[PDB]
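Alright, here's a single protein chain in two forms, structure 1 and structure 2, each given by itself as structure tokens.
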Structure 1
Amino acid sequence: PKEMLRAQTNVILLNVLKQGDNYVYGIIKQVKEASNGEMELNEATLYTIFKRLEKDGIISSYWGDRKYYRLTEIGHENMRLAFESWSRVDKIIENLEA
């Protein structure tokens, strides 16, 4: 299911960035560690996703003193809205089971 994995990777990448500004290799390390090894992102997958997020204003980038990525203001608020509504969804689903 290609576009569910895509969605999953998006959420994860945004959450890494939420923890702090980071660069591609740093992100890939953090995701591999937090996933107990089960998830090893390809450098190129990150460039594809980051090209799209930048265009949509959700993230921005800049150079160290190596390319760093940053969650924008829009990006933070979009994450908050997403977490809020998906949490409603999770409780609705909880009420359907019992």
Structure 2
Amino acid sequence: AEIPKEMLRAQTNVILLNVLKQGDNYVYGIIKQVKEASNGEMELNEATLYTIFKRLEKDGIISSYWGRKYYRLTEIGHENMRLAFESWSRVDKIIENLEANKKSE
């Protein structure tokens, strides 16, 4: 009953982007805030954040600066989150229709 590793990575990506949507942040603060928001259950480790942030920065989704290193969501990242939400909204409607077409038949 463990969550698949690929799925966990997808979830961790979403959580981190939503933290940075809250505001610019540093790794220690992010990990601490996620721990608080998860009632202590989700304790992310630095190594996973550094891997993820390197990719998000490469894809232009986030940027960084010294101010420890602070991270922020770019305009590209905000737009990408908007398009993802819209695209997954349409998927939710497809699944709803599959269920309704089932019950109808």
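In this text, the rigid core denotes the largest set of C-alpha atoms whose superposition between the two forms falls within 1.5 Å. Just so we're on the same page, residue numbers count up from 1 along structure 1's sequence.
A.B. asks: Tell me whether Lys18 is among the residues that move between the two structures (Cα shift of 2 angstroms or more, core superposed).
C.D. replies: No, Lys18 moves less than 2 Å.
A.B. asks: After core superposition, I'd like to know whether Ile74 moves between the two structures (criterion: C-alpha shift of 2 angstroms or more).
C.D. replies: No; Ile74 is a residue whose C-alpha shifts by less than 2 Å between the two structures when the cores are overlaid.
A.B. asks: Would you say whether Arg6 is displaced between the two structures, judging by a C-alpha shift of 2 Å or more on the superposed rigid core?
C.D. replies: Result for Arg6: no, shift under 2 Å.
A.B. asks: Taking the rigid core as fixed, quantify in angstrom how much the C-alpha of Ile92 shifts between the two structures.
C.D. replies: For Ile92, the alpha-carbon shift amounts to 4.7 Å.
A.B. asks: Once the two forms are fitted on their rigid core, how many angstrom does the CA of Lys55 move between the two structures?
C.D. replies: Taking the core as reference, the C-alpha of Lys55 is shifted 0.2 Å.
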